[PDB]
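Keeping their order, the protein sequence lines are chains R and E. For the first sequence, our numbering gives the first residue as 1, with consecutive numbering after it. For the second sequence, our numbering gives the first residue as 1, with consecutive numbering after it. We put the beta carbon where it would ideally sit given N, CA and C, even for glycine. A short write-up of the structure that comes next.
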Amino acid sequence: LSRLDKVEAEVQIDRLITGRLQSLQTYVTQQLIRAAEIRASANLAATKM
Amino acid sequence: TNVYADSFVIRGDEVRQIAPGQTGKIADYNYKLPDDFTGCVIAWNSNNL
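Here you go:
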């Protein structure tokens, strides 16, 4: 921001948001997959318990 | 639906300041195009008048 006049920042902050927003969806989609992995393990624990 | 036709006279150098989302004196303190704009900028010389 403070380097540029905002009408340019609107462009740049995309490549930040587009980057970070993605990096979340990577991390999130990971957790969901990893959650199910624990999920099946938790079901096995309930079965053994 | 409803158009706004507003006109004025500026210098032949400062007209590049007239652009939606730029800086310089005419767009800084004189006349301000918005951040999200639709219309056309029509510009010509009237040096003979």
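Is the beta carbon of residue i less than 8 angstroms from the beta carbon of residue j?
| i | j | result |
| --- | --- | --- |
| residue 15 (chain E) | residue 43 (chain E) | yes |
| residue 21 (chain R) | residue 9 (chain R) | no |
Just to check my reading of the structure: residue i and residue j have Cβ atoms closer than 8 angstroms, yes? What is that Cβ distance to the nearest angstrom?
| i | j | result |
| --- | --- | --- |
| residue 48 (chain E) | residue 12 (chain E) | Wrong, their Cβ atoms sit about 14 angstroms apart, outside the cutoff. |
| residue 18 (chain E) | residue 27 (chain E) | 7 angstroms |
Considering just the uninterrupted stretch of the alpha helix (DSSP H) at residue i, what are its terminal residues?
| i | result |
| --- | --- |
| residue 34 (chain R) | 6-48 |
| query | Is it a yes or a no for the region 18-33 of chain E touching the region 30-37 of chain R, going by three-plus beta-carbon pairs under 8 angstroms? | reply | no
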